[PDB]
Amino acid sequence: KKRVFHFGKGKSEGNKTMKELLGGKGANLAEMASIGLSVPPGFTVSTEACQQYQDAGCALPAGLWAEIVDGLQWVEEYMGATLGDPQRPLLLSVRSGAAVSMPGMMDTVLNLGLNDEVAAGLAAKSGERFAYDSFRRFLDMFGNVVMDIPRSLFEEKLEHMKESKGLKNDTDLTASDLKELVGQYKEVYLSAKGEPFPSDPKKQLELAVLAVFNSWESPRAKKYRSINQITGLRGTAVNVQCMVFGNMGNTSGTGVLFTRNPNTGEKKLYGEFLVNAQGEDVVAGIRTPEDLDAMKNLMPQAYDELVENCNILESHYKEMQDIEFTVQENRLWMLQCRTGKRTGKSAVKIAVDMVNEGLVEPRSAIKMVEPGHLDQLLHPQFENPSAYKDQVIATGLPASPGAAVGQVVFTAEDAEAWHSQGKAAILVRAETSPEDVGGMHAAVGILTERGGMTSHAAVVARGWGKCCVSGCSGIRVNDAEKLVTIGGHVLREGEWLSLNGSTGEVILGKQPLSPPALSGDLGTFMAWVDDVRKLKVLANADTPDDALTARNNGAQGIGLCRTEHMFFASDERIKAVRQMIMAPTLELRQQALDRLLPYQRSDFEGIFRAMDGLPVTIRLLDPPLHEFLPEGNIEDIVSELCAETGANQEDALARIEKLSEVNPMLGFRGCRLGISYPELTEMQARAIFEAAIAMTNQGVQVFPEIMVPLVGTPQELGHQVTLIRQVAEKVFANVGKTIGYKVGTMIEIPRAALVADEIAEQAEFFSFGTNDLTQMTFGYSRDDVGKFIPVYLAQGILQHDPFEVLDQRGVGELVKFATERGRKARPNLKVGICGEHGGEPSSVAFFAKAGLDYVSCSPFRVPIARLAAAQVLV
């Protein structure tokens, strides 16, 4: 067969590889039939037949029809039913389908082959009500999709019926009413077309075939191929398959199931069956489905076939399946099959079980768990979330995934108090500012009134993998009365509240939180992931606790420890930085600097203790100094600064003005500051090495790395590196001990990428700051472009927000260029990236292909990065 290919259980003319000719659906049907699946018989008319059709002036090419007839006879012989025969009726389904997804194609046409006589022959076992209802629908469907008759013309007839009979829910019409409606519908053909409904089944088929071919040249189909650049294709195929029913007595039925539990992964058929009826019934309230056992009970012969079909599906497709099947008088029929959707929990278990069952190897199992699946297992989740549907009192934005349960509080201070007592608090505030960070961190969940997916609470919460429901308009926080009205409900300080950051749901009361996992499957799965990936995955952390959390998540070290964050850790430390900034003499400045030394030395010791055995990369002071000044009205900033440092009103104002900048992103900061005030870098370097030594003397293994930020020339880097090495030697001489360490730089200035070869002579490693690199490369001030990014995305100007998904064409090109030039100068140059791009799958895949050595992201994104670093190689 060259233009028409039939198929059936264990028989098919085409095979799974003919996506071009048979089309995706046609090729898959051949595949399904070829492996022994109980698929109803049918045939496919090649895409080549469509092309010949279009060229011949949209006319049916010579010989084709002869083949189509050849194919149906085979189907008729296979089924033991003939087209247009009331005693042994054969109804057909006609579907389109090209090689790739394609809109504007003819919609599916069911029950083709009906007429007055066949309709009565169908009412025989399936009943009059259904037979004539199907006939009414078919006349409409076939009439509109094949004969191009407006739907309104038919509904125009049906409405009058119930408008006179007295109903609106068609499920109320009778067999005779439908018979009468069949008569009215046929008049529509005569009125609109000028000729009667084609009662000859073969005429229907022919018109259906031509309609599908014609569908290829539909407006939407053409637009898509020109508004989504495509070519070659050559046309669409037509899939004709025999119809089957489950309403032909108590020996028939329809059902749906997953070859495995989509929620837990348990290896057991999960679904439901409906005896003597079809899917429609349920939707109306006409019928209520049972569980699969009813099928094993009433139809053991068909059930056994269902099990063999399921094992064959998993055995051949190597994947859990979601299927739709029908049992027609003890005979099982496999209709639609597709990879089953599932929870992360289910995804990991199924992947591991299939490896243990010897169905697939690790390399393939890795592709069975999507980043989205793995992320569900990284945050807390509710046991039975369905049981709280009535307790839900509001829905806000799902700013940050995960379930949280705790007592409501209204200040960062109170969330901190709760945390200090080892208790769970839900911080509820109008919106958050950098002043609530401590409390936001202390709470188990955050709920705000204003702000969207990019508000302060959402962003910060996502960075910690902490549950957060944002922009929940239906809430009013009464700071003064210690209460919050949520959806008219009043919650007072101390009462329990639940939050689902994945849905944005605000649940009243304390819902159960799913107990921790004991399976061991995630551990097994992740071991295969770690075996396959070449990229190392590090974490960005600034405190001992985050370092520990990163390690428990599998981080191989810390790629970015931000020293400025360490000073923002407490009011006392911030005040200390301010004292240094306001110091009126060099003696008090050094005195203030010395205080910064213990803080730093102390924090690194704890960080080094937590990362015992792993490299820890510390970045020097990054922000401009004004970021350490209090915020608010100039009057209050001055008042506060004088009270905290001793400066008088005059010098306080002068200094604030001197530290003010027009574009703080690109001013007096980073190495520019460490170069102009070398004592700053000497202080931090001193703290790093003394902490490193002190821990090494306690048996801790320390691999310190110092990163110089915002370098644009090799001279800036060489200056800081020289300073760092001089301090290293002094400290090692004073302590009488020496340890290894590396000095490197953050590559975030476009110029640094351009002169990367020279910068590599001074740097032992490259740490890409793609966030800032993107800012400078796009000339985008992330804090301010939010005002037009949405417009750019909606108008097709941007495909993705460059700050979330690495811009491979632009920013990525500078990343590749810098990596190549740096490595030519220093062959063993370690190159990596630190930032959210280091935790975003498509970006991680790019970094892997670009040849980087590692990525570094937030502690809870680490497992996601690991997963993505493996999948790109598989």
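Start at 1 with the first residue shown and count on from there.
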- Report the stretch with the higher mean CA temperature factor, choosing between 191-199 and 679-687 on the basis of the entry. 191-199
- Message: Tell me which stretch, 130-138 or 705-713, has the higher mean Cα B-factor listed in the entry.
- Response: 130-138
- Task: Check the PDB entry and point out which of 652, 611, 81, 405 has the largest C-alpha temperature factor.
- Result: 81
- Whose C-alpha has the highest temperature factor in the PDB entry: 295, 360, 756, 522? 295
- Item | Entry-reported Cα temperature factor of residue 808, expressed as the chain third it lands in | lowest
- Query: Considering only modelled residues of the same chain, in which third does the CA B-factor of residue 322 rank: lowest, middle or highest?
  - Reply: middle
- Task: Please place residue 389 in the lowest, middle or highest third of its chain by C-alpha B factor as given in the entry.
- Result: highest
- Query: Going by the entry, which third of its chain does the Cα temperature factor of residue 528 land in?
  - Reply: lowest
- How does residue 601 rank on Cα B-factor within its chain, lowest, middle or highest third? middle
